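Examining the three-dimensional arrangement
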Amino acid sequence: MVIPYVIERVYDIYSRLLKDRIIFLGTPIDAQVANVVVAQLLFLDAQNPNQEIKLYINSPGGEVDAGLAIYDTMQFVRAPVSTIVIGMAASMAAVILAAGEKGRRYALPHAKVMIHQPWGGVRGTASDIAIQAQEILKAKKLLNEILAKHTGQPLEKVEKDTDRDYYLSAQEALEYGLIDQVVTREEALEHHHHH
Amino acid sequence: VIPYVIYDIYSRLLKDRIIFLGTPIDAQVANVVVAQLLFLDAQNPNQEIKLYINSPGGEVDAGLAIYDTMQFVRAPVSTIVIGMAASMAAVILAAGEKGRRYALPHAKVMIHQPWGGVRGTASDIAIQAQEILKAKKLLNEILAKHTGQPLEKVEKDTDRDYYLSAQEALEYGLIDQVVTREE
Amino acid sequence: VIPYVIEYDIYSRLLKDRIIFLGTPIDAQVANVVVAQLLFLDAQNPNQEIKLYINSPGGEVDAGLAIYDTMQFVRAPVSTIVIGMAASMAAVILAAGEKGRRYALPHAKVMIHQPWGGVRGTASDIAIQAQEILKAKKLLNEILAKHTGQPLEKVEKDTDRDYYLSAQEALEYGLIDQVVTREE
Amino acid sequence: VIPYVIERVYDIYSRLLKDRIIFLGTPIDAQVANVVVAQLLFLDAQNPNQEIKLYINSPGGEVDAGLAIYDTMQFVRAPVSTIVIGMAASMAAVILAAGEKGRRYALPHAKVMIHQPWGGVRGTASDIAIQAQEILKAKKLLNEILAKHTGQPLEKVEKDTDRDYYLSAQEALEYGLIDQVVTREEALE
Amino acid sequence: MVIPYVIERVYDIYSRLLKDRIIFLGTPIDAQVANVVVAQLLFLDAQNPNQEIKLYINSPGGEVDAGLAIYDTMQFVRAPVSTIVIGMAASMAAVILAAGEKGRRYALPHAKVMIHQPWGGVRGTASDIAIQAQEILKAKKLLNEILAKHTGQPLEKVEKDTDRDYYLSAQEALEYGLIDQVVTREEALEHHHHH
Amino acid sequence: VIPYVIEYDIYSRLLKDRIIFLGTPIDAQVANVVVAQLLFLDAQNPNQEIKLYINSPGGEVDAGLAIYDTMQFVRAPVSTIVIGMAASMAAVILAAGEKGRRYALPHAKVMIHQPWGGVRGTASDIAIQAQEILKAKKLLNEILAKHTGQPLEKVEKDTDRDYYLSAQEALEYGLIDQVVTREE
Amino acid sequence: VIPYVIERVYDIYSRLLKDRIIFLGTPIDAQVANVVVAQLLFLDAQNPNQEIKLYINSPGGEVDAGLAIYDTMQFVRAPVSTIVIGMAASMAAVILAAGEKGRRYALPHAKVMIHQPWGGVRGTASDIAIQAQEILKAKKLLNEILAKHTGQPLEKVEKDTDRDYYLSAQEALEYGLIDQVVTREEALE
Amino acid sequence: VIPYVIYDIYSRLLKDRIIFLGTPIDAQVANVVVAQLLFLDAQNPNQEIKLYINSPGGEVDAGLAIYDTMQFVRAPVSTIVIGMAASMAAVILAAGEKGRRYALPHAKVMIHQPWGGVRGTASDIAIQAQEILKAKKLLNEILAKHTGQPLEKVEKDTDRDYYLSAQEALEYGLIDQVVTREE
Amino acid sequence: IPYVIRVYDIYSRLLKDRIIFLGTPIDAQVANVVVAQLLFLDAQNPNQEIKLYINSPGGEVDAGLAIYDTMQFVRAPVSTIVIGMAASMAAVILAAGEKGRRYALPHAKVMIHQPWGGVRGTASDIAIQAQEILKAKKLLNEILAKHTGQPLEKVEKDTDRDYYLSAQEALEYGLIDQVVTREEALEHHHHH
Ligand SMILES: *[B]([O])([O])[C]([C][C]([C])[C])[N]C(=O)[C]([C]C1=[C][C]=[C][C]=[C]1)[N]C(=O)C1=[C]N=[C][C]=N1
Ligand SMILES: *[B]([O])([O])[C]([C][C]([C])[C])[N]C(=O)[C]([C]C1=[C][C]=[C][C]=[C]1)[N]C(=O)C1=[C]N=[C][C]=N1
Ligand SMILES: *[B]([O])([O])[C]([C][C]([C])[C])[N]C(=O)[C]([C]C1=[C][C]=[C][C]=[C]1)[N]C(=O)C1=[C]N=[C][C]=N1
Ligand SMILES: *[B]([O])([O])[C]([C][C]([C])[C])[N]C(=O)[C]([C]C1=[C][C]=[C][C]=[C]1)[N]C(=O)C1=[C]N=[C][C]=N1
Ligand SMILES: *[B]([O])([O])[C]([C][C]([C])[C])[N]C(=O)[C]([C]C1=[C][C]=[C][C]=[C]1)[N]C(=O)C1=[C]N=[C][C]=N1
Ligand SMILES: *[B]([O])([O])[C]([C][C]([C])[C])[N]C(=O)[C]([C]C1=[C][C]=[C][C]=[C]1)[N]C(=O)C1=[C]N=[C][C]=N1
Ligand SMILES: *[B]([O])([O])[C]([C][C]([C])[C])[N]C(=O)[C]([C]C1=[C][C]=[C][C]=[C]1)[N]C(=O)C1=[C]N=[C][C]=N1
Ligand SMILES: *[B]([O])([O])[C]([C][C]([C])[C])[N]C(=O)[C]([C]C1=[C][C]=[C][C]=[C]1)[N]C(=O)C1=[C]N=[C][C]=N1
Ligand SMILES: *[B]([O])([O])[C]([C][C]([C])[C])[N]C(=O)[C]([C]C1=[C][C]=[C][C]=[C]1)[N]C(=O)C1=[C]N=[C][C]=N1
């Protein structure tokens, strides 16, 4: 990772966009990356609980527990976080996208969203498998409910849709409720009348 | 490795209607045990077959194959545990012809619930979780039938590893005699 | 370690008795050797029955169909007996024994599901290999429907994920004809 | 890759340390216990009366290293509020439960899991006997620590921890592991 | 490979069916398996140049040079060789199937045939690559011609068809000319009138 | 070994001059860092041009589109310059610079072709992933047609296999606007 | 897995040896040279006047081992007919070309390929110089052996073998490597 | 590894308009050489850039990148081979500003045709075979332009490895002076 | 490596004092960084001496010659000092310091021998590289003869196998000029 630098002020490129209240979620999600995203949110909200945070998303997903950490921290924090999917937002990364501030969830034109039920693995004795099987079942229902809340769709629809991989174009993601605008071009700064 | 007689040593004891189950149990060894039974019963459906057991267990499906074939075959099979009979190998021991299930003095029996592993999606895990649950209850029931113990007891005993001396295996019902000399 | 008997190894001796074992996962090499035993046993006597004991988790559809097609083609009727496990293609081979001569032991299982596989290549190449897997899926659903008697719309929905059957459940599904406990 | 902030350039975790925030987000081994312990000691030396927030996302780890973190929280004057985000399991559950009473928090979809210790020993029979006894004490010791800090009868924690025992955040409230399920930032009541 | 045995006569199962003039081509084709197939043909033709040889085929293909060895030996040998594809006959194995004695090329119902152009690889200098590139080009045209001969199809059709993987059902293989009969059931021995 | 200059490393200093390098194969991590540099350079001045030097063999379509979509979205016009090699997604990024501001050096190349990939799973799962690759294929053919001016039926037949273009050939195909030899 | 035939059970290659057939179907290293040489010596001891058929499918190998096979064919009284099925390259081409004149045969789609030797040397400068000289002799030696047995001028084989030179069976006829392209079994003319 | 001055040693010689090409050439090193040229020419398009060469060669595409950038940039680049300049690195040497291409006495130049590798189907190999053929002719032409030799000669010389002493490189046209002391 | 504070690592600080270390085996990347330090030190001041401490087992001839050619080319005189070991190309670099300013410590060694290498390829390709190694052999024998004063057939017969020299033996052979044991005392001088 040969990330570039910018300028008595030396940042790397992601650290400089952090000073502009931009966070990148660009890797698969495991505990380590959840923690560092959570920590950036906590810091940006402490800096100013009223300004918006932009969270750019390019991720294939990851661990439900780490994803929920990011989710719960977005809801908890006072600052509203606008999610923007560039390229790919799948599995837990779709959920994080859908859970931005309503009205400020954006996709670029050729970005995608994909959703599906969780997957995992257990080894152990029958008693041990039974316990973990029950745990994965709760996560499944829990994540279906979180999706239904934030898209507006009836829950038996998300359950049916996520049974296998469900790929959405950005427009299809609009029509599904996962985002609010498909953004193509950056508009001009605008003037206003003071009557 | 194995010595010869004028057969190899296990093949010669097969002409004396002796079968060895001395390895861990996977499909390949189940098949070859099943096949020896089928052959020995075709040779003579009334004579006894001795099945010497030294095994730590194995796959439930392969073990049941051996079990189902012992019950199905007309010849009565006497099970003898020398050294170790654990997990599915305990079940096979317990399912010899009642009255001719034998242990040597320092042999052991160990029983416990099944273990396994599943990868896949939530739907896929749910299915295999269900399957392991049936095998658990099924094997507890098979044990209760052949020892005489109440089923609530085998379920609580097999929750973790349950080691039995040969005498303790007598009192539990897994065998019929602790054999020391050759009468 | 397979044992010997005075003339054979144990599987070769039960072959004299017209017994064939399908006890491994199915790949081309084991299909060929099963096919070859059938061809030989039918040449030796096209009217006597062949017993095919099944303990297998399945395998490649192409190799499995080889075994299937050879059972239908050969004049001798082949009784399938599942001991322990018959899954995926091995379930199909079980179901395709001579009607009335398909047997399970009490604690044996059957499992059925749709095929799985993998393709690496360009988009054109994947499209071709995707179409091929789709035909195999429909083809195997149809073969199952014919030999169990079930409506095809049912096998397709049942095989969407792993579908485990006890031997009794296999009897009511049509995959076998008798759950055999004793020697009768 | 951790980002930086600004005659002062910190990395993001080091900056939240100036705000008396510590992260326990990895599995617990001696190396991470030591660095958590050291941050506590420093934060208490800077001001023994202000609170320390300890964010927890960890699957657990070695009992000895975990106890190090535990013992240091009790010993230090400053009260440490534990907050589980995502996951707190095994020793990490214990550390969660041992925050200042009333200041132990979970986010809504976070989890707690508890169970007895696991380990391994090679050696001769004499050697195995010794470390078998050691694991037995740790089991009894950790059950007691849990009972103290949740309020549950000890016969209950021993039965509950016999296998993996997963708790939702609400279930963790009811069990006594935490004090509030916090959904929004206003914890200024 | 735990192949079984049969009976002062001890054979393994493939060696016994060889005494019945049956040869198996069941593995991918490399020089080693070409040689052993070639050798069985030479022996069976020396035993009796007029009786038929049955060649059962279940193979995904292999090296063109080794395949041609099998092909050239079938044509050269006086005995007619009936090819039977059970399961799969692809690439060079399709060619070997198609080159059985016309009228005695058989498929089982669910067997397949697949054909396509050759593939390979070369490392070396530009001069060296040019040489091997020319070699692969001849093999391509050569194998297209061999297919056209033995199916009856116009050559620009086989060239077009083999550009990518071309899968054929057994019926489709009949209609293409690669085989002569789709064989399902073994018929009874039959009686004949002596008028 | 990247060298430093008195305040930066060499790529970070040319970033001050609104130069971005896309010199590796394209995966999500390099897409993100290119996207981020664009966003920063456009925030610094939405009217000045950004030069994007390209030496890349291509990469993942999703990451490439990220770079593409960000170039179109950002107000500043981005001049693409291929030095050495621009293939697969890197060709697309080249072709999508500001019309009239797409340049090749004399011996640079462009190569285009359809996507490739791989899927492992059940038949249902493969069908889904096969449909996805098919959309990407058509989508990328359309993006190429828009930015070169060629009829779509032509890009589809040209990209069926590897299609190598010299810089001049790239000029007559529409992928670039000038073959630049000197400094002018 | 090679099959068997029958108070006599041979494997298939051993049975065709009783018919004075030898297979050279692998790459050539010392081990396979020795076993080919040994079969020749045995077949010539059984009957020095009958022909030996040597079927060739090989990509070549070590010059020293190949020459062993070559020298043994010339030395032995019995005439050895070489038949290339599939492939005969490098040393295997040389062995093909050195069958009894008039009894060197190719099947229609078989190939011949010829080229100069390749190898490798590590060591000091003195050591490299020595084995460089050795490879140079082998090059010149093998070019001469080819010229003898094809009839071509030596300046031509040297230029032709500078890189890989692939020949169809017909092209091999025209070049002198073989005597007949045999399509059908009747070679009884 | 590399020492520091109060910059690291290569970065300090960059402020003296010196660039090192000391590794084998792949896309990553082409890019960083190209970038240094672009920067040095932006600093001052009239001053010379010295490019010290010790490299065994590399990928043609990356090499051409370096070549095309030297021609394109206004500043004249003097190439100096110390030790070794082979394959693409020879081409880059030969393409310095005519008259300021230098070798040290015991440095070498080696030239030859490209090498590579292709996997794939026959159609795919045909395409990449064609590509390597163009690169071969293209690089022979670039050599002929910058040495002055007839093209038939570079094609026959580069058929295998062609090693040149620095003097032999002078007479061939690849350089302009064999430099021994620092005048 | 330790640090000293302007801040430097220990080798970078001794570079300030016009000291260069050649302490690893010689491959292209270490040749380049040695060459670059020379070029910089000579640009700093073409008249002051550069000390080059040598502890190396040798390396690639091409990279070594790079270091050699750069020492001759550069105006500043470079004193070579072998501490511990100077073998193969590293011996050559030692011998090619400014005559009279080539030094060994008492228990240091010099070893010389002919080049070694390896080639894989076709006969034509091997012939070409074989010729190349032969030139390097003679070229390096000549460079040694030039800088020691020995007759060339002597270096050729001596370098046929490994030829180890003590520092004294290296003096008598011509590879160095002084065996230095104690840093010469700092003294007070008469100014009449
Ligand atoms: B996803 O594909 O990103 C998905 C999220 C959910 C919204 C459908 N993730 C999972 O299902 C993960 C997969 C995984 C990734 C890496 C390591 C291990 C597992 N599964 C879990 O997080 C999980 C949950 N409960 C139990 C076990 N595993
Ligand atoms: B034992 O330990 O041998 C035991 C049998 C006992 C319950 C009567 N065996 C199992 O539990 C096996 C263990 C195993 C062996 C080899 C590979 C994998 C697992 N389990 C199963 O066979 C099984 C059954 N149903 C589902 C999954 N696994
Ligand atoms: B089963 O799991 O045994 C199943 C058969 C079922 C549908 C009747 N087999 C397959 O799905 C096999 C699995 C496999 C085995 C070995 C290598 C790869 C895959 N799949 C195929 O045979 C197959 C066929 N065509 C395309 C891809 N895969
Ligand atoms: B948990 O899974 O995080 C758990 C904590 C306890 C409260 C149940 N950890 C342990 O039990 C650890 C696991 C371990 C981690 C890494 C290496 C080895 C073991 N066990 C121990 O710390 C331990 C204690 N006594 C003896 C041996 N091991
Ligand atoms: B096939 O897929 O079986 C095919 C045969 C032809 C009828 C289309 N085989 C090949 O293309 C082989 C592939 C191969 C397999 C194993 C190792 C190496 C290559 N290619 C060749 O035989 C070949 C031909 N000429 C040059 C290089 N390789
Ligand atoms: B190219 O070769 O760079 C090409 C883009 C072209 C069509 C404009 N890229 C792909 O085809 C990539 C290659 C790849 C890179 C890394 C891992 C796997 C594959 N394919 C995909 O991005 C892709 C997308 N959807 C499904 C499968 N593969
Ligand atoms: B050919 O490629 O089969 C060829 C034969 C010759 C007529 C051109 N073989 C060789 O050149 C062999 C190749 C080799 C094979 C295995 C290990 C090492 C080399 N070379 C030699 O036999 C050889 C001869 N002299 C010196 C070194 N190597
Ligand atoms: B040389 O050896 O450095 C040489 C350049 C010379 C002809 C001016 N390089 C090549 O021939 C490279 C070799 C290579 C290096 C690294 C990986 C793979 C190959 N060849 C190519 O760059 C190339 C060009 N077109 C097609 C294939 N390969
Ligand atoms: B020595 O051991 O340092 C010696 C130098 C010379 C004074 C006798 N080195 C060599 O001979 C090197 C050895 C080597 C080192 C690292 C990789 C490969 C080889 N040989 C060459 O430099 C050489 C090899 N082939 C051709 C030209 N030069």
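These lines cover the structure that appears in this document, whether it is placed above or below.

Here's the deal with the pattern of salt bridges
This structure, assessed with the given rule, holds 62 salt bridges over all chains. One salt bridge in this structure joins C:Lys109 and B:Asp61, with 3.6 Å as the shortest N-O distance. With C:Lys109 in strand β5 (residues 109-112) and B:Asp61 in helix α3 (residues 60-72), the pair connects residues from two separate chains. Judged by its relative accessible area of 12%, C:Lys109 is buried. F:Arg161 is paired through a salt bridge with E:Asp163; the nearest N and O atoms lie 2.7 Å apart. With one member in each of two chains, F:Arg161 in the loop between α6 (152-158) and β7 (163-166) and E:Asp163 in the loop between α6 (155-161) and β9 (166-169) form a pair that bridges those chains. Ionic contacts of the salt-bridge type, sharing partners, join the residues A:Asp128, B:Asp159 and D:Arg163 into one network.

Let's talk about the interface of chain B and chain C
On the chain C side, the residues contacting the 34 residues of chain B number 28 residues. Broken down by secondary-structure element, the contributors of at least two residues to the side of chain B that touches chain C are α1 (9-15), α2 (27-43), α3 and α5 (122-147) of chain B. Sort the elements by how many residues they give to the side of chain B that touches chain C and α2(B) lands first, with 11 residues. Per-class residue counts for the side of chain B that touches chain C are 17 nonpolar, 10 polar and 7 charged.

Brief notes about the nonpolar core
Formed by 65 residues in total, the largest nonpolar core has its most connected members in F:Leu22 and F:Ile26. At 10 residues, the largest contribution of residues to this core is made by helix α2 (residues 28-44) of chain F. Those residues within four positions of F:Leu22 in sequence are excluded, and the remaining contacts are F:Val30, F:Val34, F:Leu52, F:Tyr53, F:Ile54, F:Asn55, F:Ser56, F:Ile67 and F:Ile93. If you look at the next biggest cluster of nonpolar residues, it comprises 64 residues, including C:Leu41, C:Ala86, E:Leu17 and E:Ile84.

Quick look at the site of ligand 6
Residues and elements named next belong to chain F. The local shell around ligand 6 holds 13 residues, among which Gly59, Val61, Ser88, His113 and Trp116 are the closest. Contact distances for ligand 6 include 3.0 Å between an oxygen atom and a side-chain N or O atom of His113. Burial of ligand 6 by the surrounding chains reaches 76%, relative to a free accessible area of 640 Å². When contributions to the shell around ligand 6 are tallied by element, the ones reaching two or more residues are β6 (116-122) and α5 (123-148).

A few points about the site of ligand 1
All names here are of chain A. As a matter of local geometry, ligand 1 sits amid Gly61, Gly62, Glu63, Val64, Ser91, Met92, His116, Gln117, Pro118, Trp119, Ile136 and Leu143. One of the backbone nitrogen or oxygen atoms of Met92 is found 3.4 Å away from an oxygen atom of ligand 1. One nitrogen or oxygen atom from the side chain of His116 is found 2.8 Å from an oxygen atom belonging to ligand 1. Alone, ligand 1 offers 640 Å² of accessible surface; in the complex the protein occludes 75% of this.

Cut-offs applied
Residues numbered from 1 in each chain as written, not as in the entry; some residues may be left out. Chains lettered and ligands numbered in written order. Part of a larger assembly, values for the part shown. Heavy atoms only, no water. Residues with missing side-chain atoms left out of burial classes, pairs and counts. Salt bridge = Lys/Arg side-chain N within 4 Å of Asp/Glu carboxyl O. Helix = DSSP H or I, 4+ residues; strand = E, 2+ residues; numbered from the N terminus. Buried < 20%, exposed > 50% of the residue type's maximum accessible area, 1.4 Å probe, protein only. Contact = heavy atoms within 4.5 Å. Nonpolar A, V, L, I, M, F, W, Y, C, P; charged D, E, K, R; others polar. Core = buried A, V, L, I, M, F, W, Y, C linked by side-chain atoms within 4.5 Å. Near = heavy atom within 4 Å. Polar contact = N/O pair within 3.5 Å; in protein donor to acceptor, adjacent residues only side chain to side chain. Areas by Shrake-Rupley, 256 points an atom, 1.4 Å probe, with all protein chains shown as cover.

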